[PDB]
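Take a look at the structure set out below.
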Amino acid sequence: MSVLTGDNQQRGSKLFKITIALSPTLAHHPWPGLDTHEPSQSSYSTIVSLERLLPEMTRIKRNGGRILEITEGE
Amino acid sequence: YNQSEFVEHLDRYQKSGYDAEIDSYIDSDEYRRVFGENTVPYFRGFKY
Amino acid sequence: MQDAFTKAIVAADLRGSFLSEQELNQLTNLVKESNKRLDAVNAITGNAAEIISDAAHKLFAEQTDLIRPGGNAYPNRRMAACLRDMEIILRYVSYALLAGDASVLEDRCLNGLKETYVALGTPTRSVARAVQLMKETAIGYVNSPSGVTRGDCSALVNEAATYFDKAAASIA
Amino acid sequence: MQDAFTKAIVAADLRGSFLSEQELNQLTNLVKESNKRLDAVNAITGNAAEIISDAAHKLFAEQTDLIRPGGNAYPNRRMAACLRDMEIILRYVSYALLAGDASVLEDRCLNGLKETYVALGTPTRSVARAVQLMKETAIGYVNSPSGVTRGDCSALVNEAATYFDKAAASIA
Amino acid sequence: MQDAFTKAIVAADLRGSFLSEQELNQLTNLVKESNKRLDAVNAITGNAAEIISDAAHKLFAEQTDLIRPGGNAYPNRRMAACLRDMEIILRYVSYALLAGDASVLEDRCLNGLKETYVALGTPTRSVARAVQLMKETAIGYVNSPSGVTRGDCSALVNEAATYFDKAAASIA
Amino acid sequence: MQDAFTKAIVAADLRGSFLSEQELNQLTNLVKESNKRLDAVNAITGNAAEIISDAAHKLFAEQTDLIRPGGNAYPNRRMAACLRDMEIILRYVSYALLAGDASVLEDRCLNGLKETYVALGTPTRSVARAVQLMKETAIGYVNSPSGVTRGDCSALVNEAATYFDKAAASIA
Amino acid sequence: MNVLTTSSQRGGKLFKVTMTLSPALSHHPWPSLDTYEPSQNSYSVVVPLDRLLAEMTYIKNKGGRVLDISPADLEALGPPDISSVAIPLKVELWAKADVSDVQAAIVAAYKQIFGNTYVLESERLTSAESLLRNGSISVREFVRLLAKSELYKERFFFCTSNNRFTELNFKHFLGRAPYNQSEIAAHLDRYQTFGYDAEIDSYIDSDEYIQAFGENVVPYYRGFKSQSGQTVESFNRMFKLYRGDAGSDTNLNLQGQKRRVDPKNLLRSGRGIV
Amino acid sequence: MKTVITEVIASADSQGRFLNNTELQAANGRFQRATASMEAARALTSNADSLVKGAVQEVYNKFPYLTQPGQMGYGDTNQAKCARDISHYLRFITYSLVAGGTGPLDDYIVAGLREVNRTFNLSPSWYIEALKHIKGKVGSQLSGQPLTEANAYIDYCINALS
Amino acid sequence: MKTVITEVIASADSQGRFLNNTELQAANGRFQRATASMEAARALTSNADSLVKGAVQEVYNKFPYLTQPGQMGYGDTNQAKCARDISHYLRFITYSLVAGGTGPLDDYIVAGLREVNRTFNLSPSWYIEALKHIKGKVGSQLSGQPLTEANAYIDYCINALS
Ligand SMILES: CCC1=C(C)/C(=C/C2=NC(=C\c3[nH]c(/C=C4\NC(=O)[C@H](C)[C@H]4CC)c(C)c3CCC(=O)O)/C(CCC(=O)O)=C2C)NC1=O
Ligand SMILES: CCC1=C(C)/C(=C/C2=NC(=C\c3[nH]c(/C=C4\NC(=O)[C@H](C)[C@H]4CC)c(C)c3CCC(=O)O)/C(CCC(=O)O)=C2C)NC1=O
Ligand SMILES: CCC1=C(C)/C(=C/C2=NC(=C\c3[nH]c(/C=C4\NC(=O)[C@H](C)[C@H]4CC)c(C)c3CCC(=O)O)/C(CCC(=O)O)=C2C)NC1=O
Ligand SMILES: CCC1=C(C)/C(=C/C2=NC(=C\c3[nH]c(/C=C4\NC(=O)[C@H](C)[C@H]4CC)c(C)c3CCC(=O)O)/C(CCC(=O)O)=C2C)NC1=O
Ligand SMILES: CCC1=C(C)/C(=C/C2=NC(=C\c3[nH]c(/C=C4\NC(=O)[C@H](C)[C@H]4CC)c(C)c3CCC(=O)O)/C(CCC(=O)O)=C2C)NC1=O
Ligand SMILES: CCC1=C(C)/C(=C/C2=NC(=C\c3[nH]c(/C=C4\NC(=O)[C@H](C)[C@H]4CC)c(C)c3CCC(=O)O)/C(CCC(=O)O)=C2C)NC1=O
Ligand SMILES: CCC1=C(C)/C(=C/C2=NC(=C\c3[nH]c(/C=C4\NC(=O)[C@H](C)[C@H]4CC)c(C)c3CCC(=O)O)/C(CCC(=O)O)=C2C)NC1=O
Ligand SMILES: CCC1=C(C)/C(=C/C2=NC(=C\c3[nH]c(/C=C4\NC(=O)[C@H](C)[C@H]4CC)c(C)c3CCC(=O)O)/C(CCC(=O)O)=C2C)NC1=O
Ligand SMILES: CCC1=C(C)/C(=C/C2=NC(=C\c3[nH]c(/C=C4\NC(=O)[C@H](C)[C@H]4CC)c(C)c3CCC(=O)O)/C(CCC(=O)O)=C2C)NC1=O
Ligand SMILES: CCC1=C(C)/C(=C/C2=NC(=C\c3[nH]c(/C=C4\NC(=O)[C@H](C)[C@H]4CC)c(C)c3CCC(=O)O)/C(CCC(=O)O)=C2C)NC1=O
Ligand SMILES: CCC1=C(C)/C(=C/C2=NC(=C\c3[nH]c(/C=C4\NC(=O)[C@H](C)[C@H]4CC)c(C)c3CCC(=O)O)/C(CCC(=O)O)=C2C)NC1=O
Ligand SMILES: CCC1=C(C)/C(=C/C2=NC(=C\c3[nH]c(/C=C4\NC(=O)[C@H](C)[C@H]4CC)c(C)c3CCC(=O)O)/C(CCC(=O)O)=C2C)NC1=O
Ligand SMILES: CCC1=C(C)/C(=C/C2=NC(=C\c3[nH]c(/C=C4\NC(=O)[C@H](C)[C@H]4CC)c(C)c3CCC(=O)O)/C(CCC(=O)O)=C2C)NC1=O
Ligand SMILES: CCC1=C(C)/C(=C/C2=NC(=C\c3[nH]c(/C=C4\NC(=O)[C@H](C)[C@H]4CC)c(C)c3CCC(=O)O)/C(CCC(=O)O)=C2C)NC1=O
């Protein structure tokens with residue numbers, strides 16, 4: 001389950017679980033048609049280390065998806 | 001130049017045959033120094 | 001991914017058993033009707049563009065709000081997304097039809113789809129309708145094609161319908 | 001990637017022509033012998049492990065230097081790499097055999113291979129030999145299998161050989 | 001080509017300077033030890049054939065694969081090439097030893113040598129070993145010769161070793 | 001350079017062995033068919049000019065772009081180069097045919113040839129075709145000559161073909 | 001002397017050689033000073049095996065430096081066939097994986113990320129694969145995990161220079177050659193001040209990476225096709241980078257892990273500052 | 001070039017795997033199907049001349065205005081390049097029939113189609129109408145599984161152009 | 001689960017593409033082949049009982065020592081778990097026959113095989129010998145394309161274990 005297992009190999013310090021409403025920031029299907037992503041990837045839970053927290057958020061917003069939540073990972 | 005060059009070339013021809021004797025003139029440092037790779041052979045005996 | 005045979009196998013295994021003579025002959029029948037099935041899948045592939053186009057023309061004929069400003073199939077970008085989704089769904093319905101099982105449709109296309117559309121503000125009832133129109137035309141083609149041998153394809157037309165109806169139900 | 005038909009098509013196109021009645025019937029014959037071809041590819045797949053193993057046992061029987069320290073099939077890591085390469089080459093030879101064309105073998109496997117081995121210090125002559133042994137055993141299997149209908153497979157055995165011989169030549 | 005003095009001169013010139021009193025006396029010391037140096041070079045010249053022969057006997061004692069068919073010192077032609085290379089390297093090591101500088105060795109012998117051997121399929125590790133054996137025996141001779149005045153030649157034995165070790169490192 | 005016997009010998013030597021009774025009789029058979037082989041080589045030599053000419057006429061019949069300005073067989077200088085290459089390749093194919101081995105063809109003619117042509121801008125596919133036409137006509141001559149004793153030359157016609165096919169493959 | 005035909009005459013193994021000559025071998029017959037042609041600064045010649053020892057000795061003496069020796073017949077078989085990789089097959093990992101869907105991904109990430117070297121079974125990253133299977137991480141996430149691993153560190157980083165590492169990195173992670181000298185430099189400076197790990201992240205969180213691979217697509221080759229903001233000479237670099245289907249990244253080469261893209265070549269695409 | 005044979009081989013290779021019963025079953029389909037395919041191919045091959053002239057004309061009959069001066073169905077060169085283009089399509093249809101897949105169509109006509117047609121002001125509608133006509137006439141040259149094959153590929157081109 | 005049908009669908013989906021003539025030709029192979037496959041399946045199904053007891057015994061006859069005390073062919077539980085395991089293999093062989101591909105074998109026996117066998121001290125040699133024996137007897141229960149199918153899958157298991 002994206003119910004993070006362990007530290008999810010992030011190492012680092014704290015783990016924040018951040019969910020975003022990703023658009024085709026990521027996951028455009030390789031298909032010929034219009035840069036969609038599966039329907040069930042509307043919200044994308046993801047666990048990142050404290051050191052990598054800021055960079056990721058900057059490139060999420062930059063590519064247009066908007067953060068929906070944020071909780072410390074544990 | 002001398003009767004030694006003839007004896008060396010005659011002995012090489014007898015030991016290694018015709019093709020090795022032709023290569024001995026062309027791979028000589030005298031050929032390389034004065035014709036190089038891109039100059040056609042030409043008569044030289046009129047210049048010291 | 002499952003097909004109709006694979007489904008049989010999974011249920012047999014959950015009993016710890018070799019396939020029942022019951023299940024064997026159900027699958028022998030699927031092989032029996034497989035030429036018809038290939039024609040049915042071929043009917044959709046061979047008219048995919050028109051099936052989408054004709055569904056589309058008719059969807060916007062009915063729901064002229066979608067193509068007004070404020071509407072979810074306006075401007076060109078959104079219309080292209082809507083046309084693309086019509087194709088995606090028709091595509092997974094044809095896959096299910098080759099397979100004899102809905103799973104590829106449910107797992108790769110329908111799972112999460114409704115919640116995507118709601119997040120986006122895409123009117124699901126309109127999307128359901130576009131799927132109903134694709135069904136009408138697709139089946140039209142399954143039933144009236146180029147020099148196919150005459151026979152009865154109603155079993156397959158039903159099954160295709162349930163795949164269209166699954167998608168509609170799942171989305172509305 | 002090419003197969004025997006695709007090859008025909010490319011040559012026809014370079015003339016600007018529909019396939020010659022010459023080329024048509026050459027391809028009709030390939031379809032004629034295709035059951036035999038499937039058995040031949042199946043002969044290799046069904047004995048891949050033994051073909052590699054038996055080739056291997058015999059390679060090191062002959063060349064006991066490879067398994068001494070200093071040798072290119074020593075220690076375990078290198079032997080596993082050598083066993084792996086034997087499998088890779090047998091694989092692409094079987095692909096060529098299903099295809100009726102050497103191109104997948106030449107393009108995905110043989111292209112650059114010799115220069116790789118020389119860079120690595122892998123003795124190419126030993127690799128060539130390992131390929132010759134795989135050929136002997138593989139063809140053995142193509143010729144003497146489990147309850148296949150009796151007939152003449154020499155044309156296919158030749159063609160398989162040329163794929164083994166291409167690889168050997170390319171590498172040595 | 002450089003010798004130990006020429007090297008000093010090149011470094012001085014790159015400063016735009018007359019030789020430093022530092023460098024002067026380093027060179028005065030080389031002149032101080034030059035009789036020993038001449039004996040050391042003479043030790044190698046006077047036993048060149050045996051140094052190569054003894055290195056050789058021992059190389060093939062250790063690596064009996066080189067003298068089997070398939071091996072890089074088989075047949076006579078290849079053994080003669082290998083014996084010739086042993087001589088060539090011993091020769092440039094003796095030149096470096098007369099010079100007090102490795103440059104003639106690096107520039108005329110070692111430069112490109114490894115890549116030559118790899119192109120040829122000549123096992124560089126075996127060549128490195130043949131060089132290590134020449135070193136053992138050569139130094140043996142530098143240390144225990146015919147009626148040379150007794151003294152300490154360890155500085156020169158080291159320096160000779162580094163030339164043997166340069167060659168080995170460069171080739172392996 | 002190798003011939004079919006020399007090839008046997010090299011493989012035997014790599015085993016450290018006197019020729020196998022297997023290999024002996026394969027070579028006894030080559031001696032058995034050698035009169036036919038001489039006629040086959042003679043067929044090519046005796047019609048070399050026409051084989052090149054006829055191949056040529058037909059190459060430019062098909063590919064009228066080569067003889068337009070901008071084309072690689074225009075002006076006279078380039079046509080003479082192209083005619084010359086046709087002869088060179090036919091020549092090394094005949095050598096391989098006398099030898100019973102492709103090596104002279106691969107080593108003296110085919111090695112590097114493709115990369116030469118690409119550097120030059122010479123269309124390799126056209127060169128491959130010119131080789132295919134030489135093959136057709138050359139074999140024509142091998143099969144239908146002046147008062148040669150009647151028999152079966154198909155084995156030799158095949159082998160000649162593979163030399164033509166090697167060249168074509170190598171170049172295209 | 002340049003690019004060759006044939007191999008042998010009586011029989012040989014032709015080797016082609018390359019050097020850098022003084023005006024001692026080749027000079028013009030002009031009135032002053034001895035000079036060789038400027039474009040034959042490094043010259044190459046193909047010599048059969050016997051004449052070979054004699055030639056190398058001569059060249060070294062009269063001043064030249066041998067740059068390479070390589071058999072002619074290696075070098076006659078062209079440049080790699082690229083059909084398999086002009087346009088590849090994409091592999092992408094779906095939301096509810098199928099049990100072997102996920103098997104497909106792992107084998108491919110391995111091949112692509114590790115550059116076709118063998119990863120033996122003792123070697124594989126099993127705990128990490130566990131994670132992908134359960135969906136805890138995604139395909140891009142997993143791809144980052146392999147790069148920071150010892151196996152990746154060990155075959156590609158520890159034993160080669162930074163120039164080489166970065167050049168491999170572009171090939172593996174991004175599928176394309178490195179476009180500029182600036183790219184090399186920009187990266188080397190990052191490794192130097194933020195460490196290895198920060199530097200690894202920089203290809204996997206990049207905009208270029210994100211567009212093409214998104215998050216569920218295994219990185220695949222894409223440099224044999226025209227891309228955006230790619231200098232033109234980066235399509236010839238790709239041939240230098242990938243040597244054919246049977247070629248691989250290999251740190252086990254006799255000469256070791258080395259370059260493949262000439263430093264001179266990179267500068268042709270532009271030089272600035274920083 | 002996409003054929004049943006190349007597809008299964010591609011799928012094996014990409015998993016580092018020998019061809020297995022799944023892949024050989026697939027190949028048997030392609031081989032079993034060759035007879036119908038190749039009958040379609042022979043019929044389309046010998047009728048090519050007239051199929052092309054029939055479709056060319058039909059483009060002008062359906063788009064009458066094309067044949068007026070200042071238009072793209074006027075003068076020898078336009079009308080010549082048209083016949084040629086339909087001939088290219090029929091040629092690749094026969095190739096796809098013979099090859100056992102859409103590869104020849106995908107590689108030589110579909111890849112790039114729209115960019116080319118858009119730069120040169122060529123309307124797909126013409127080409128669809130050429131193909132619709134070819135489909136009408138091929139109804140009486142073939143029947144059964146050869147017709148189904150011919151249809152499969154003609155329709156494939158029409159979808160590529162919509 | 002790998003079948004001809006799932007494979008072609010997977011390949012279409014991954015290129016965002018409707019099934020085309022290439023993919024439908026493939027499917028026809030799988031359907032044409034079902035008769036031979038399913039005959040093999042029925043024969044292996046009804047003989048299961050004896051095929052299993054035959055192979056179990058043969059493991060002990062080829063590895064006599066297994067049946068001595070302190071060994072892994074001794075006592076009711078080992079010998080019971082053995083019969084079961086061969087029965088699992090035959091079961092998945094029939095499934096692979098019916099399914100039109102190796103999927104059932106790949107997913108339920110091959111994935112993980114070596115790790116499991118290595119932790120539990122189970123030698124593949126036994127299992128190969130069980131299967132070699134099953135292959136011997138299936139020579140006279142089937143013939144023609146049903147035998148070829150049975151063989152294909154038995155051999156597939158033997159290669160998985162080598
Ligand atoms: C797994 C296969 C798959 C499906 C099914 C899929 C659906 C899907 N449809 C989307 C958007 C969309 N879908 C539509 C569809 C419609 N608009 C209407 O008014 C009509 C009722 C309807 C057409 C019948 C529109 C307009 C958008 C764009 C919404 C926006 O960005 O405002 C998006 C957001 C990403 C994007 O815009 O590319 C997804 C993921 N994506 C997938 O990968
Ligand atoms: C075309 C084939 C051919 C022949 C026949 C030949 C003969 C020949 N013999 C020569 C020398 C010689 N030949 C001899 C031979 C002899 N000395 C004696 O006392 C004996 C009576 C006799 C041996 C039976 C000697 C001793 C020399 C060396 C003379 C010198 O340099 O002082 C030389 C001078 C070049 C050289 O020394 O290599 C030639 C050209 N050269 C050739 O190319
Ligand atoms: C290339 C992949 C492929 C296809 C498409 C294929 C089709 C195919 N359809 C067939 C029959 C048929 N197909 C149909 C289909 C229909 N009948 C109707 O009236 C409906 C309009 C339509 C409903 C789908 C019927 C009724 C038959 C004859 C009965 C049968 O064979 O089952 C047959 C048996 C031969 C024949 O009777 O013509 C084949 C081979 N075979 C293949 O290998
Ligand atoms: C699952 C993929 C698949 C396979 C493997 C396949 C095999 C297959 N092999 C066949 C025939 C055969 N196969 C062989 C093969 C051989 N004969 C020999 O003596 C050699 C030892 C061996 C050489 C390869 C021969 C001789 C025939 C009979 C002639 C023919 O049908 O061409 C036939 C025709 C029916 C029969 O006569 O049994 C089939 C269906 N069909 C398939 O769909
Ligand atoms: C600048 C001074 C100089 C050096 C150092 C030199 C090395 C050199 N060694 C060569 C060959 C060779 N070198 C060896 C040496 C060995 N074989 C073994 O197995 C041993 C490990 C090793 C002896 C210790 C052999 C066997 C060949 C012949 C390779 C062949 O032709 O197959 C060749 C190829 C040309 C030829 O065969 O004459 C060169 C250029 N050439 C030079 O001009
Ligand atoms: C023809 C060229 C030439 C040579 C070879 C030469 C040798 C030479 N070696 C000498 C000394 C010597 N040579 C050595 C050498 C050694 N001592 C050892 O115990 C080692 C075994 C060996 C190490 C290399 C020693 C220790 C001395 C005495 C100290 C010295 O003069 O530096 C001397 C000084 C006179 C003497 O003490 O005998 C000369 C002239 N002179 C020359 O012109
Ligand atoms: C060892 C025996 C041998 C061979 C085989 C050989 C091939 C060869 N062909 C060459 C050129 C050529 N070869 C051709 C051949 C062709 N042009 C076409 O369009 C056709 C496809 C094809 C004729 C069928 C042409 C046109 C050139 C000149 C290329 C140029 O200079 O632009 C050259 C460059 C040197 C020269 O032009 O003389 C070589 C070395 N040389 C040899 O010594
Ligand atoms: C000067 C070099 C030289 C040549 C050329 C040569 C030819 C030669 N060809 C011969 C036979 C023959 N040659 C052929 C050749 C052919 N049969 C055909 O139908 C084909 C058109 C053609 C294929 C190449 C055949 C069939 C025989 C008789 C069988 C045999 O002796 O092997 C014979 C045996 C005597 C005879 O039966 O006439 C000789 C001596 N001998 C030589 O010393
Ligand atoms: C085809 C006609 C042709 C050209 C153009 C040519 C250039 C050329 N310049 C050379 C060297 C050189 N060129 C220079 C030139 C300069 N040094 C400076 O600092 C200045 C910036 C610059 C003068 C404006 C120098 C100093 C060298 C010697 C480099 C060295 O050996 O260290 C060399 C190496 C061979 C030699 O030294 O003779 C070549 C081939 N050679 C040719 O055959
Ligand atoms: C951070 C270190 C770490 C842990 C601890 C971990 C646990 C873990 N166990 C998993 C599955 C699993 N774990 C088990 C374990 C068991 N089954 C049983 O019946 C027993 C009670 C038990 C063994 C004692 C099984 C059977 C699965 C596979 C479930 C399935 O796919 O159906 C998965 C899903 C991904 C996968 O299958 O690889 C994770 C993430 N993953 C990690 O990265
Ligand atoms: C493997 C470990 C490693 C080393 C050793 C390394 C060297 C290295 N030095 C570089 C640049 C550089 N190196 C220097 C160094 C100097 N400039 C001078 O004038 C002095 C003589 C000298 C300092 C003592 C300069 C100035 C540059 C920048 C050159 C430029 O961009 O113009 C570059 C190009 C990339 C970059 O600029 O970051 C590399 C790869 N890179 C590595 O990864
Ligand atoms: C495209 C398909 C493909 C092929 C064919 C391939 C060949 C290949 N073989 C390799 C190594 C190897 N190959 C061998 C093979 C052998 N050693 C011997 O002594 C025998 C003569 C021979 C076995 C018959 C060995 C020992 C190595 C390891 C060399 C080393 O690291 O020292 C490597 C270096 C990467 C690695 O070790 O994984 C490649 C790329 N790679 C590929 O991707
Ligand atoms: C290999 C497959 C392939 C196809 C399909 C193809 C199509 C194609 N059609 C073209 C032009 C053309 N195509 C047509 C087509 C027509 N004119 C009419 O009378 C009708 C309306 C219509 C036929 C239905 C015309 C008039 C041109 C000339 C356009 C121009 O250059 O202005 C061109 C531009 C190059 C040229 O002028 O020839 C291409 C590439 N090219 C290919 O290589
Ligand atoms: C779904 C497919 C599937 C397979 C194939 C399978 C194999 C399998 N065999 C097992 C044990 C076993 N397997 C055997 C096998 C044998 N003993 C003998 O008498 C013979 C030598 C041999 C039969 C040839 C034995 C003795 C054990 C008990 C091992 C133990 O727990 O010590 C176990 C450990 C769990 C258990 O104890 O049951 C597994 C998972 N499990 C599966 O789920």
Side-chain angles (χ1 to χ4, degrees), chain B residues 2-15 18 21, chain F residues 29 31-46 52 55-60 62-63 65-68 70-93 95 97-98 104-134 138-160 167-168 170-172, chain G residues 2-9:
Chain B
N2 1 299
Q3 187 57 68
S4 59
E5 290 191 311
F6 276 85
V7 173
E8 290 169 38
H9 278 289
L10 295 174
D11 179 59
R12 186 180 303 100
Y13 165 70
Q14 285 177 18
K15 285 170 175 163
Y18 179 91
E21 175 59 4
Chain F
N29 194 273
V31 170
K32 203 202 182 185
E33 299 292 275
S34 34
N35 280 320
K36 287 152 85 174
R37 184 175 294 279
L38 293 175
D39 275 326
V41 170
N42 189 45
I44 291 168
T45 294
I52 289 159
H57 284 81
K58 296 194 238 149
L59 179 54
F60 302 117
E62 286 182 18
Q63 281 170 43
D65 30 332
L66 300 168
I67 57 179
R68 292 189 217 123
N72 204 247
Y74 167 99
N76 274 331
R77 183 192 66 78
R78 270 199 264 258
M79 175 64 68
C82 176
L83 291 183
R84 181 203 64 214
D85 285 9
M86 288 173 90
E87 192 186 355
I88 287 167
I89 294 166
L90 183 57
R91 186 155 52 80
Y92 288 104
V93 160
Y95 300 164
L97 188 57
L98 176 59
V104 75
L105 173 62
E106 270 160 8
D107 290 349
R108 301 195 177 185
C109 185
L110 302 180
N111 193 34
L113 187 44
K114 177 155 186 185
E115 295 85 334
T116 303
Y117 286 142
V118 178
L120 285 168
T122 284
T124 55
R125 265 180 282 258
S126 298
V127 183
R129 179 67 181 151
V131 170
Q132 295 179 40
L133 296 156
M134 283 194 306
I139 280 183
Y141 280 106
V142 173
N143 273 329
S144 326
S146 283
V148 186
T149 307
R150 265 274 298 290
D152 193 321
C153 289
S154 60
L156 289 159
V157 160
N158 290 332
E159 181 195 327
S170 171
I171 289 165
Chain G
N2 289 337
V3 155
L4 48 103
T5 314
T6 60
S7 305
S8 57
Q9 160 44 11

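To find a chain, count down the sequence lines: A is the first, B the second, and so on, and within it residues start at 1. Order of appearance sets the numbers: ligands from 1, and atoms from 1 within every ligand.
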query: Under a 4.0 Å heavy-atom limit, does B:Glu8 contact ligand 2 with its side chain, its backbone, both, or neither?
result: backbone
Pairs under 3.5 angstrom only: tabulate donor-acceptor contacts from the side chains of residues 119-131 of chain F to other protein residues two or more places apart or in another chain.
| residue | atom | partner | partner atom | Å |
| --- | --- | --- | --- | --- |
| F:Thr122 | OG1 | F:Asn72 | OD1 | 2.8 |
| F:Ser126 | OG | F:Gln63 | OE1 | 2.3 |
| F:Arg129 | NE | F:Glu62 | OE1 | 2.9 |
| F:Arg129 | NH1 | F:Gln132 | OE1 | 3.4 |
| F:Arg129 | NH2 | F:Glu62 | OE2 | 2.8 |

- line: From the list B:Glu8, B:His9, B:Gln3, side-chain contact (heavy atoms from CB on, under 4.5 Å) partner of B:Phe6 resolves to B:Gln3
- prompt: Side chain or backbone of F:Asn35 under 4.0 Å from ligand 8, or both, or neither, by non-hydrogen atoms?
  reply: both
message: Considering both backbone and side-chain atoms of F:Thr149, is one of its nitrogen or oxygen atoms within less than 3.5 Å of a nitrogen or oxygen in ligand 8?
response: yes
query: Can you tell which part of F:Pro145 has a heavy atom less than 4.0 Å from ligand 8: side chain, backbone, both or neither?
result: side chain
- request: Could you establish whether F:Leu156 and ligand 8 come within less than 4.0 Å of each other, counting only heavy atoms on the residue side?
  value: no
message: With a 4.5 Å cut-off on side-chain heavy atoms, are F:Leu66 and F:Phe60 touching?
response: yes
field: F:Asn76 atom CG, neighbour heavy-atom count above 12 within 6.0 Å
entry: no
- prompt: For ligand 8, is any non-hydrogen atom under 4.0 Å from F:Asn143's backbone (N, CA, C, O), its side chain (CB onward), both, or neither?
  reply: backbone
- request: Mark up the atoms of ligand 2 that fall under 4.0 Å of a heavy atom belonging to B:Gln3, in ascending order.
  value: 34 (C), 35 (C)
Which N/O atoms of ligand 7 sit under 3.5 Å from a protein N/O, and at what distances?
| residue | atom | partner | partner atom | Å |
| --- | --- | --- | --- | --- |
| ligand 7 | 9 (N) | F:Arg84 | NH2 | 3.3 |
| ligand 7 | 9 (N) | F:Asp85 | OD1 | 2.7 |
| ligand 7 | 9 (N) | F:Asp85 | OD2 | 2.3 |
| ligand 7 | 13 (N) | F:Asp85 | OD2 | 2.3 |
| ligand 7 | 37 (O) | F:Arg84 | NH2 | 3.2 |
| ligand 7 | 38 (O) | F:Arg84 | NH1 | 2.2 |
| ligand 7 | 38 (O) | F:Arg84 | NH2 | 2.6 |

query: Any N or O of F:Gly151 that comes nearer than 3.5 Å to an N or O of ligand 8?
result: yes
message: Regarding ligand 8, does F:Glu33 bring an N or O atom to under 3.5 Å of one of the ligand's N or O atoms?
response: no
statement: Residue set satisfying ring pair (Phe, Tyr, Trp, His ring centres under 6.0 Å) with F:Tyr141, at least two apart, ordered chain then number -> none
statement: Here the ring-ring contact (aromatic ring centres under 6.0 Å, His included) pairs for residues 71-91 of chain F, sequence neighbours left out, are none
